[PDB]
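Visitor: Would you be able to build a 3D model of this:
(one chain, ligands or ions: 2)
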Amino acid sequence: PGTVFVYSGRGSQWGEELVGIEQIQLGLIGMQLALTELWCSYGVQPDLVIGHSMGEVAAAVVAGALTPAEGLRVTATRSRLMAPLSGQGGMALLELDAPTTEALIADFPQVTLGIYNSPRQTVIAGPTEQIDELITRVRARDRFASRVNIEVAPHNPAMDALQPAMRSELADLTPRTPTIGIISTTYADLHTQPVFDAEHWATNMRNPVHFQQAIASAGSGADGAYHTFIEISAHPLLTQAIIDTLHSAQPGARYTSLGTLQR
Ligand code: NA
Ligand code: NA
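Guide: Numbers count the residues shown, from 1 in each chain. Ligands and ions are numbered 1, 2, ... in the order given. This is the structure:
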């Protein structure tokens, strides 16, 4: 049937308190790497990995493209660069398809489509006050929208200024060809076979997250079909997005979507 491990970007976290983007993101990838090995111990191993947003670092590590130390180095480097933007940007989950979302935000230069969740769910990202105005406009149209609280909002033009620093501080990264299959969510073209280098991580933090497209490709018979998707997290937040994407793209197909832990 095929098993996919899905690594979320900003999953739930909560036994000492993790404080600030750097500490929180480090506890997240630490928990992802340790939960992945726990699954392996009970015979369950991934044939393919998909990383969502900041989760693509952990997915690149599990796939063998980067070492655990290299993954932690990307995590710490990126988190330190993003920290001065703490609280400035926000995200919103909209119950709109991607073309309707693009139309809604076309006149907001600082707000972009951040994540393709599923066909009828799209996340936007940008300055928190602009995200609030857009939530109000979506609600005023008798449509649904909700805030997605995050330490620093990636996948929007505020990340452009951090890309030179990323390309510079991660210059000596030595990624390898992955040992396990990985579908990147960084590029609209899923056949852009990516080298998981400095340029890839600088691009990944700014580009939209092509999550629906990566899940649909994994579920498709093209390049082999996978039927079990396991979110490797402390609480399942992407499971309904996985099912909504797969049911829409292959309506007569059977898929199983599950988490690792639950709060
Ligand atoms: Na815009
Ligand atoms: Na496939």
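Visitor: show me what contacts residue 51?
Guide: By C-beta atoms under 8 Å, 6 or more residues apart in numbering, the contact list for residue 51 reads 6-7, 9, 57-60, 182, 184-185. Every C-beta, even on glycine, is put in place using the N, C-alpha and C of the backbone.
Visitor: domains of this structure?
Guide: Per the record, the chain has its domains at 3-84+156-258, 87-148, by automatic domain parsing.
Visitor: Ligand 1 contacts on the stretch 101-250 of the chain?
Guide: Taking C-beta under 5 Å from the ion as the criterion, the stretch 101-250 of the chain approaches ligand 1 at residues 105, 108, 111.
Visitor: what's the closest of the residues you listed to ligand 2?
Guide: Among these, residue 105 lies closest to ligand 2 (C-beta to the ion), at 30.7 Å.
Visitor: Select from the residues of the stretch 101-250 of the chain next to ligand 1 every entry located in strands.
Guide: Applying DSSP state E to these, no entry is found in strands.
Visitor: ok, and the most crowded of those residues?
Guide: Counting neighbours by other C-beta atoms under 10 Å, the top entry in those is residue 111, with 25 neighbours.
Visitor: give me the element the closest residue to that one other than its chain neighbours is part of.
Guide: Leaving aside its chain neighbours, residue 111 sits nearest to residue 126 (3.4 Å; criterion: C-beta to C-beta, 6 or more residues apart in numbering). Residue 126 belongs to strand 121-127 when assigned by DSSP states H and E.
Visitor: I'd like the distance from that strand to the chain centre, please.
Guide: Chain-centre distance of strand 121-127: 13 Å, with C-alpha atoms, centre = their mean, to the nearest Å.
Visitor: Same check on stretch 149-161?
Guide: On C-alpha atoms, centre = their mean, the centre of stretch 149-161 falls 13 Å from that of its chain.
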